[PDB]
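A note on names: the letters A, B, ... follow the listed sequences, proteins ahead of strands, and every chain is numbered from 1. Values below: every heavy atom of this structure, side chains too, minus hydrogens, waters and symmetry copies.
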Amino acid sequence: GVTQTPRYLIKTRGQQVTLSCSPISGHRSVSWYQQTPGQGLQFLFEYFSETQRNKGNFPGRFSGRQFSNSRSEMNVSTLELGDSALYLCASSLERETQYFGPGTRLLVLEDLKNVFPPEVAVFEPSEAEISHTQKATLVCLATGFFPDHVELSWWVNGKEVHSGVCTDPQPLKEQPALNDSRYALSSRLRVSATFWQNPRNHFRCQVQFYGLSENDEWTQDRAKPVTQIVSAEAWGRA
Amino acid sequence: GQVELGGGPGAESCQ
Amino acid sequence: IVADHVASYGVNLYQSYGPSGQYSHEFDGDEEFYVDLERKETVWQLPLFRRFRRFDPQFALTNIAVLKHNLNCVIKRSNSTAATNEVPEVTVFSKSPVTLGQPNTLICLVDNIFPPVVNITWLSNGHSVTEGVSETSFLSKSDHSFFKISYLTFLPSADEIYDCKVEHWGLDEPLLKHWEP
Amino acid sequence: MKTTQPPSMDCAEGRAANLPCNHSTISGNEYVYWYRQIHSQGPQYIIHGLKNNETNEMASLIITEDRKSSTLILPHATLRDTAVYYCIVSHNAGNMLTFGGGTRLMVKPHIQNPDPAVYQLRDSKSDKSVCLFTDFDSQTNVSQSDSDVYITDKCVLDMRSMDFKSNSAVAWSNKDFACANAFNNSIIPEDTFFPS
Amino acid sequence: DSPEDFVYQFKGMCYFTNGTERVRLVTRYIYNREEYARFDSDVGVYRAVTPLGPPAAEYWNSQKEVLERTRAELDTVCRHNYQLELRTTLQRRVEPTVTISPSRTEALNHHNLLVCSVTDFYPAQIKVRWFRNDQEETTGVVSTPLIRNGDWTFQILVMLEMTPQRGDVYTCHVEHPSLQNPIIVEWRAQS
Ligand SMILES: *[C@@H]1O[C@H](CO[C@@H]2O[C@@H](C)[C@@H](O)[C@@H](O)[C@@H]2O)[C@@H](O[C@@H]2O[C@H](CO)[C@@H](O)[C@H](O)[C@H]2NC(C)=O)[C@H](O)[C@H]1NC(C)=O
Ligand SMILES: *[C@@H]1O[C@H](CO)[C@@H](O[C@@H]2O[C@H](CO)[C@@H](O)[C@H](O)[C@H]2NC(C)=O)[C@H](O)[C@H]1NC(C)=O
Ligand SMILES: *[C@@H]1O[C@H](CO)[C@@H](O[C@@H]2O[C@H](CO)[C@@H](O)[C@H](O)[C@H]2NC(C)=O)[C@H](O)[C@H]1NC(C)=O
């Protein structure tokens with residue numbers, strides 16, 4: 001399908017971003033959209049044969065380009081706080097069905113002093129659940145991160161699992177009144193009781209945090225909240 | 001009231 | 001192909017000289033509208049069409065972009081085969097029977113136009129008349145050549161003689177077709 | 001723009017989901033398109049059609065004879081089908097796509113043997129603790145949360161090995177915090193097993 | 001020298017017969033004046049017309065979405081627009097103006113030529129016949145082809161070579177779908 005890089009991006013006011021899009025092999029038309037919770041799916045421009053065919057109503061600082069292999073790039077100058085959105089790329093043979101990509105989640109901030117990596121903690125299942133249901137539910141809690149550019153996964157014995165896993169779709173705000181509140185995320189993994197009671201079994205909750213890049217300057221005294229993986233583990237106990 | 005359309009040309013594949 | 005009504009819902013033109021292009025729709029040989037590719041407007045050719053018919057001019061810009069792309073692919077495949085210049089045939093006549101004093105319209109039919117690049121002007125007593133002159137777009141033909149009709153709203157009088165001046169690559173000298181009462 | 005959809009809709013897991021769409025101003029040259037967007041993802045093309053019926057590996061689309069209404073048919077509604085479904089019209093003329101409000105589809109699991117209970121979990125690295133309200137019926141709503149108390153929403157969990165499905169909700173606080181004093185803001189069934 | 005030029009044309013042509021019973025779509029891809037590829041709705045697939053076309057037709061047929069979209073244009077372009085022709089173009093009726101005028105100064109027992117000018121009518125279906133004293137002239141009748149004025153009106157001139165005798169009456173008969181009856185215009189030899 002359609003590929004877009006980067007998937008997450010943090011920038012401050014006045015900077016510029018360049019977003020890449022790889023259309024489906026054989027497709028020649030590339031459309032760019034900006035998706036916000038307030039304005040919805042807004043059209044930017046559409047490119048065909050290295051030329052802009054259709055144009056939206058966005059200002060001149062939103063520019064695009066398409067290469068000979070139909071791959072496309074998009075540029076935004078003088079980033080404003082209102083530019084925070086999901087920038088989607090749609091691909092089509094020429095005029096037919098448009099297939100979207102994952103999009104670039106761009107967050108524009110006034111500074112970087114509120115960016116924090118998450119703290120991860122695993123909670124072992126209750127002995128009451130084990131004796132009552134013969135099943136063991138682990139709970140993972142990622143807290144204190146900003147922004148919500150986070151991907152949580154479970155790893156049992158070094159292999160990633162999806163069966164019996166449920167993560168919250170959207171991280172919740174810890175201080176719903178503060179405009180600069182940090183987020184919290186919860187996830188569950190349910191296995192059988194006897195599988196959890198095996199000391200050889202290893203359960204790890206892994207949280208991928210997308211933060212600052214090496215290009216971003218950092219003047220504060222705490223550790224630079226770069227893109228990193230924070231995880232917590234728990235062994236089985238009989 | 002409704003917009004009319006014409007034929008759509010296929011694009012040559014000389015990429 | 002035998003049919004009661006033939007419609008060209010998409011006569012799409014694009015040529016390297018310029019470059020230039022044209023989009024229009026035809027029904028039974030008559031131009032319903034043409035899209036001004038520069039101003040991005042649909043120009044219907046009858047008041048009846050402007051009231052009940054609508055066409056998004058962006059559809060024309062999208063198609064012409066495909067033709068520009070297709071033309072570049074076929075130029076390479078055809079080993080750069082240039083278009084052959086055709087000799088256009090010019091005919092001048094009036095819309096109504098000319099009576100001295102009653103306003104009439106002079107019609108100049110330039111047929112067998114290829115490539116679709118031509119100049120059509122009017123000369124009244126030698127002087128190039130500019131006011132009251134209009135022409136149609138390039139109208140399609142089955143042999144893929146074109147023809148264009150120019151108009152001149154004039155006033156018949158034995159004082160005035162008129163000529164239709166046509167310039168084309170197939171013509172060595174500009175062709176003059178005379179019309180007199 | 002030209003399409004009307006209900007803002008939200010529920011359906012049973014395993015059964016068929018029939019999402020309706022109204023478009024009376026549709027033109028004879030406009031297609032009926034269906035897209036869906038799972039949270040934190042991009043829109044996924046599903047199916048499109050012009051007249052009558054259409055089917056692919058993802059869903060079925062039925063358009064009425066007068067074309068004034070359509071219905072997207074998900075054959076086997078899975079837990080992954082819980083997303084926002086957009087019904088739109090398009091000329092397929094190389095123009096832009098316009099999305100409406102869409103329908104928020106929620107696929108409810110069928111808990112065969114509900115055994116609601118509120119268990120307490122201890123931190124593997126420690127004093128910190130969370131409460132787990134699980135194994136309740138899909139008709140039960142988790143409500144919300146006290147400012148210093150955090151409570152999540154209903155999360156459907158599927159153990160493909162045991163062919164088992166269960167709802168869940170996690171609540172925690174940094175206090176005073178107690179199990180029964182956490183989910184008291186919701187309509188918890190009296191059969192909720194509060195262990196010792 | 002004459003400037004070099006490369007022309008490309010795409011023609012989406014619909015052929016309507018018997019109202020809405022028979023509809024046919026033929027899209028044409030023309031390089032200069034050479035139609036090298038076409039889609040005929042009666043065939044159902046793109047076809048190469050000249051050796052310049054096979055690479056194009058093979059590619060467009062190998063794209064499911066393109067081939068489906070073109071087959072649907074029989075309904076999305078031809079049949080949809082024809083419904084709007086019924087409401088506008090196909091109901092347009094412009095009555096013809098019929099006038100008779102001699103080519104030279106009329107003189108008894110002298111060669112002359114009467115021109116029945118049928119100007120500014122629509123649609124194109126027209127029937128013109130010359131008569132002299134209730135007798136259809138069929139030998140000295142020279143009719144020009146249908147003249148297209150380009151402004152959605154037609155014109156035709158039917159010329160009759162005759163010799164005006166004393167008392168002769170020449171009538172030009174015209175039939176047109178915009179007229180409820182056939183119409184005539186008379187011309188008499190001056191006394
Ligand atoms: C484009 O040119 C090729 C080149 O063929 C030769 O070109 C000159 C050098 C001259 O020698 C000509 O007489 C030749 O025809 C055309 O020929 C194609 O390719 C080979 C030669 O390279 C030939 O044997 C094939 O039969 C040709 N293939 C086809 C499909 O015709 C070629 O035809 C030219 N293209 C067009 C569209 O005319
Ligand atoms: C149509 O007319 C235009 C202008 O009347 C011609 O363009 C001129 O061409 C001459 C000779 O090629 C140049 O010296 C002039 O500078 C041109 N004028 C402009 C404004 O560019 C054009 O050549 C004519 N076309 C044909 C086919 O005769
Ligand atoms: C043109 O009009 C209609 C199509 O709408 C045709 O009417 C049918 O004609 C066929 C064959 O002649 C017969 O089944 C009947 O006479 C009609 N069927 C109906 C009314 O259901 C008419 O014949 C067409 N004329 C043609 C094709 O020449």
K.L.:
Considering residues at least two apart in sequence or located in another chain, which fulfil the ring-ring contact (aromatic ring centres under 6.0 Å, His included) criterion with A:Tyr33?
P.N.:
A:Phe43, A:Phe100
K.L.:
To the nearest 0.5 Å, tell me how far D:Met96 CE sits from A:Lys55 NZ.
P.N.:
11.0 Å
K.L.:
Taking all non-hydrogen atoms of both residues, which atom of A:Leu88 and which atom of D:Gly42 are closest, and how far apart?
P.N.:
CD2-CA, 3.9 Å
K.L.:
Once you round to the nearest 0.5 Å, how far does CD of D:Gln37 lie from CG of A:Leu86?
P.N.:
7.0 Å
K.L.:
Distance check, rounded to the nearest 0.5 Å: A:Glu124 atom CD versus D:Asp123 atom CG?
P.N.:
8.5 Å
K.L.:
Starting at NZ of D:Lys128, measure out to OG1 of A:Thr143 and round the result to the nearest 0.5 Å.
P.N.:
7.0 Å
K.L.:
Given that the side chain runs from C-beta out, which part of A:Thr137 has a heavy atom under 4.5 Å from chain D: side chain, backbone, both or neither?
P.N.:
both
K.L.:
For the backbone of D:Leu121 and the side chain of A:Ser126, can you confirm whether one donor and one acceptor N or O come within less than 3.5 Å of each other?
P.N.:
no
K.L.:
Quick one: do A:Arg190 and D:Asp135 make a salt bridge, cutoff under 4.0 Å?
P.N.:
yes
K.L.:
With a 4.5 angstrom heavy-atom cut-off, could you sort out which part of A:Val2 is near chain D: side chain, backbone, both or neither?
P.N.:
neither
K.L.:
Under the side chain to side chain donor-acceptor pair (under 3.5 Å) test, which residues partner A:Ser91, sequence neighbours left out?
P.N.:
A:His27
K.L.:
If the plane angle is over 60° it's perpendicular, under 30° parallel, otherwise tilted; pick one for A:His132 and D:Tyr119.
P.N.:
tilted
K.L.:
Find the distance between CG (A:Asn54) and CG (D:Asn95) and round it off to the nearest 0.5 Å.
P.N.:
5.0 Å
K.L.:
Flag this pair as yes if the NZ/CZ of A:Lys135 is under 6.0 angstrom from the six-membered ring centre of D:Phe164 and inside a 45 degree cone about the axis; otherwise no.
P.N.:
yes
K.L.:
Heavy-atom pairs under 4.5 Å with chain D are the metric here; pick the option from A:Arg53, A:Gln4, A:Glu96, A:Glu94 that has the most.
P.N.:
A:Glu96
K.L.:
Distance alone, cut at 3.5 Å: any donor-acceptor contact between the side chains of D:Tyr33 and A:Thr97?
P.N.:
yes
K.L.:
Measuring heavy-atom distances to chain A, does D:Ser90 have an atom under 4.5 Å in its side chain, in its backbone, in both, or in neither?
P.N.:
neither
K.L.:
For the CD atom on A:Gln52, are there more than 12 heavy atoms of other groups (residues, nucleotides or ligands in this structure) within a distance under 6.0 Å?
P.N.:
yes
K.L.:
Report yes or no: do A:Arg188 and D:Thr152 form a side-chain donor-acceptor pair below 3.5 Å?
P.N.:
yes
K.L.:
Can you tell me how far apart CH2 (D:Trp172) and OG (A:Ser186) are? Round to the nearest 0.5 Å.
P.N.:
5.5 Å
K.L.:
Relative to chain D, which segment of A:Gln98 carries a heavy atom at a distance below 4.5 Å: side chain, backbone, both, or neither?
P.N.:
both
K.L.:
Could you walk me through whether D:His91 and A:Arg95 pass side chain to side chain contact (heavy atoms under 4.5 Å, CB included), step by step?
P.N.:
CA-CA 9 Å; D:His91 289 284; A:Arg95 77 207 309 118; over 6 Å; no
K.L.:
Can you name the closest pair of heavy atoms from D:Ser161 and A:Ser163 and give their distance?
P.N.:
N-OG, 4.1 Å
K.L.:
Looking only at non-hydrogen atoms, find the nearest pair between D:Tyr150 and A:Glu174 and report the distance.
P.N.:
OH-O, 2.9 Å
K.L.:
With the side chain counted from C-beta on, respond yes when D:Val130 and A:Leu141 share a heavy-atom pair under 4.5 Å apart, and no when they do not.
P.N.:
yes
